[PDB]
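Inspection log for the structure reproduced underneath, given as structure tokens.
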Amino acid sequence: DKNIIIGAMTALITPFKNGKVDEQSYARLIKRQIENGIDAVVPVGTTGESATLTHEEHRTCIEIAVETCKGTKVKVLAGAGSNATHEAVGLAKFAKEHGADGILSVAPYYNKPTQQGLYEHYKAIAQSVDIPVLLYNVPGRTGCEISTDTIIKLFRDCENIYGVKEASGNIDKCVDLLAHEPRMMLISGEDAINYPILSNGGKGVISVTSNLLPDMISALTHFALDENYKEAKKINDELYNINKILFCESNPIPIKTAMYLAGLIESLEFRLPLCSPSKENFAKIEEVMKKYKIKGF
Amino acid sequence: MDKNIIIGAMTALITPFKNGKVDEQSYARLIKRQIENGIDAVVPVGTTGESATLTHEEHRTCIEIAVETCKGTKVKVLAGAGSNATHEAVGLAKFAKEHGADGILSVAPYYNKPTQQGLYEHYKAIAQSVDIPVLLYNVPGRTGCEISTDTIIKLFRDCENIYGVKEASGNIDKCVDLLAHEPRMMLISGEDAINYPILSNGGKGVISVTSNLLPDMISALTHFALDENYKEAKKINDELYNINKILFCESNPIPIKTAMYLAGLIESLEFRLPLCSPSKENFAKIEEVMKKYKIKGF
Amino acid sequence: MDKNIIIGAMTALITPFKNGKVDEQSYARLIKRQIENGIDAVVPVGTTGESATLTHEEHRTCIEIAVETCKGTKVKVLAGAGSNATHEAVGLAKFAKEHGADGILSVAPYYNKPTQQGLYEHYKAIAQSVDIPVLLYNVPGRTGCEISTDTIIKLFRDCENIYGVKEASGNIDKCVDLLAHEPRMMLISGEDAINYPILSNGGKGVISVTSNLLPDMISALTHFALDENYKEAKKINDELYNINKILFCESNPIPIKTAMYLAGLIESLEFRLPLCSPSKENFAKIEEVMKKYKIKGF
Amino acid sequence: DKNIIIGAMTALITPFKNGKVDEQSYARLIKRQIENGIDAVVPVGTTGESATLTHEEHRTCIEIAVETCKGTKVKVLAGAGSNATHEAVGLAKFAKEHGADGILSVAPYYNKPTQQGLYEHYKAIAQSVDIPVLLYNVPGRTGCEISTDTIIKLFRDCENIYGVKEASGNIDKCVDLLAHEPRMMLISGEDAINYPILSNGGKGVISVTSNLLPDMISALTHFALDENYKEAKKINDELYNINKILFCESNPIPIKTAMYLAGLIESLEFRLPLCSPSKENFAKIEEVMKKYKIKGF
């Protein structure tokens, strides 16, 4: 096989305090993920508000995850994608330099490359580092889809591309992927359907919910990897309400709202154009939260 | 909620024509082939059976043939009986019950887009008119409407004989929603490519297009799943993916009838308009996918 | 001379029910009101007239009443006569001609998803069965299929009496596509909110829901545009925008029937299942928007 | 009341040569636009591959547009937008300093802000400069929609927001917009439907096709603005084939290909993730081009 990063993973939120990244809170939150069975953390993905961080903050966030995971079996899969290939290569190289175990690389958003463009984009990225690269498909945000054929070609042509995070609400595609190329690591990027993706041979999750409920997401994932499907589904069913409410408005608006209500971050603060949820949605999130046992620090 | 149910591996039967006429001999023969290959129920005159272009008497006849042919076996008959007019859907359900069907499959009203309130009243009226099991059938790509999860669960709870839903909506999230909130219902896969994922989440059957051609493979998949042998179920589901997709290269049942003709299982590649033969190109694509599969004869 | 066509401002008639039956006296009176308010043609038994839930006998009664009421006036009857079964659509087409219809509106097959080749043969069968004008009707959100621009153009060119299409697809790109490649056809708006843009691009009429309530406004709009008085046609389209949207807050004809009842134009708010009354919330929403419009009486 | 930029406008392609911006070609292309009746030019929009340009190349393009338009009545509506409000604000001021007459600012892509966030996003942009701001809605690329209510509110609350470029294939929305706020400048961002948008009160276009056929786009627009709808439609009808083929692959892949095929640029290069179209699409574009009279220099 190739070198891989799988298991229960968390797309880390990035707490702000008075506009500034709260780096002490960020380290604390990672330790909390670590203590609750999480296998890897994903600094500066979509959930971490990658769009609104400076390059230096981006790098710092990776550094913090790296430093915090040292001395543990937990890995850092650093968010490093861009819709400009030169920037994506740069971010990938930095991530490798700061000691990341691998990178998560979102499909170019907004500029809608063709399948050929996506292929050359990821081929260029994979060639720039000797560390694992997980592709990330999320057409609702990007405006483009990495097709199954392109994913499979990338996996077969590039040594370090080992799988894809799918956030596309398409279980047919998930079947297509693993039926034609069962060696790849399919990763769930959609919490509500973690179980179905794992039960089809998916080997991990990159989760939003796990920011709030890491013990539950890790237990779910580990049961499925142990083929204890009954237990995995049970947790998946249990988590459905919170998994959905965490998307009542665009992620990470609801998850930051939950983390704040839980006393886990200090300030319900975003960077524009993101902002507080509506009062209605704030109330729904707080209400759904009452059904769950939330781990403290 | 106890209810009486029809679950397991089920086939949405194609309806063969010979010179425009329903070939009833061929129909009975096809059903026997399903039976001998381990199928649990058959669905006469659903979408796959060209329900839209059969007369009412042909519709009744097909249900009748299914019931009679399945006599002397464990195989159940889940009769297609839906309509976008509530009075007709009720009439159809009543017919199905009188002809001895074990249950009915009742598609959401197509074309006229009833609201969720209307869907609830529609199905409640159907459900109240007969005491046999009713399976809801959601297929928004064909009907132009969606029975919401909330509407489905309400119907399941409020009407004793409504026991589940056939979903053909490519929506595994909804499948989770359904069974997480109401784990007593029978979720049935109406989409062959994703049979295994639905069953592994607690689905209890399939109503299959592919099983017309490969009943033994669809039956084995389903039964492996029900026995919690997920490895084997997934293995068959992965193997079938290619045939599962190509059977929808044009609108169902155009490809499956083409495959049945190519396999020598039906005599004539005939439809009733507005359905018609596939393109020569799709004809050849179907033929070449079939070659990767071992197709049971009579 | 002139090619035989039915165009201008046209109304998709609601079918009023009294105690479960077609209110015929109401029906005739409603058509009379359309006639007196500048309408060029009426459409009995379309989507808006709940065609799906009417019996064949009721379909007849509505068409006859329409024919009798327009008789001696310039106003034409473009009768609904489509089906997802070609043998039925042919029968319905002949049925409509024989009852005195000037032409037919024939919806694309719903639910069974014919291919473009199927649609072609479907409509060719229909067109050859009668000698009166045939208007195609594309509404993919309801039928689950699309008559492609290519298929519409080939049907228009190959069949004499197919003279155009009613588009209800929210797709102005297609409307440009149609009239750029085949400018001889009659593109008819089946979407009230965008009546003007369709007409400003060369469309030759509308088949309107809103005209049930405000026939004088819709006909004036259509005739301004037909006269290349685009400023005035737009002005009316703009002020009708609110009522045009609210009449679709729930599936048509649920809102338009609510509005007609509210206006005192029909005497019973009755639908046939699966259609039913709107929510209290939408009822009040409809009642409010109406307050901004001058509604003609009888 | 409200300074505006309307009329026939071109979303400029950015020619690359040996990986670099071809500054001489850029200038020559703009002159050609000017000489063919165009009312404004949009440097570094989507069609100009904004995503993959550096800040310095961005500056260079605007400066070249401004310098080349000097002494003409032709205006420079600069691409200046981002999915991070702080950057978007910075780009807006940066465009003003470099002499842009106005800015085109696209809805935040990828991070999917809420309508409340969109409102705050644009209000911050509008209040940071004193030149006209045109909103740009293109949900297929951004993954979000600026609602009619949000557009009208921004138009009414912020002095310099004067209109919106719509690329949403939604004439219903165009009706809604101009029915409720007929004072705004609705600008077509979808070449195929230029005429229907203009005939409903639209006051201009920001065109892709005008790169290749500027004389035709300008006449269409000016005919329409003068209420000669017959002539405006006639041209829109004739352009339909080319308007569609120029989107056979994602803009600007086809238009830059067409310009090269036409002999109007000397190299055909994109920045990854963009690339040349398929061989068969090269052929398709070429066949469609043969039906039009393409102005030289």
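Just the heavy atoms: all of them, side chains too, but no hydrogens, waters or symmetry mates, feed the values below. We name chains A, B, ... by the order of the sequence lines, and we start the count at 1 in each one.
- No more than 12 heavy atoms of other residues, nucleotides or ligands lie within 6.0 Å of NZ in A:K279, so this atom counts as exposed by the packing criterion.
- Each of A:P277, A:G143, A:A84 has some count of heavy-atom pairs under 4.5 Å with chain D, and the biggest count is that of A:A84.
- Between A:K112 and D:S250, the shortest heavy-atom distance links the atoms O-OG, 2.5 Å.
- The closest side-chain heavy-atom distance from A:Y110 to D:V106 is below 4.5 Å.
- Side-chain contact between D:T114 and A:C275 is present, with heavy atoms from C-beta onward closer than 4.5 Å.
- Counting non-hydrogen atoms of other residues, nucleotides and ligands closer than 6.0 Å to CD of D:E287 gives a total of 12 or fewer.
- At a 4.5 Å heavy-atom cutoff, the contact between A:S50 and chain D is made by side-chain atoms alone.
- Open room surrounds NZ on D:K123; 12 or fewer heavy atoms of other groups in view lie less than 6.0 Å from it.
- The parts of A:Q116 that come within reach of chain D are both its backbone and its side chain, each placing non-hydrogen atoms under 4.5 angstrom from that chain.
- Each of A:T85, A:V89, A:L118 was scored for a side chain to side chain contact (heavy atoms under 4.5 Å, CB included) with D:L272, with one residue passing: A:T85.
- Judged by distance alone, with hydrogens and angles left aside, the side-chain atoms of D:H86 form a donor-acceptor pair with the main-chain N or O of A:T52 at under 3.5 Å.
- Atom CD of D:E49 and atom CG of A:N83 lie 11.5 Å apart (nearest 0.5 Å).
- The number of heavy-atom neighbours closer than 6.0 Å to OH of D:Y260, taken from other residues, nucleotides and ligands shown, is 12 or below.
- Distance check: A:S278 OG to D:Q115 CD gives 12.5 Å after rounding to the nearest 0.5 Å.
- Most heavy-atom pairs under 4.5 Å with chain A: of the set D:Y122, D:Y119, D:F270, D:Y109, this distinction falls to D:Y109.
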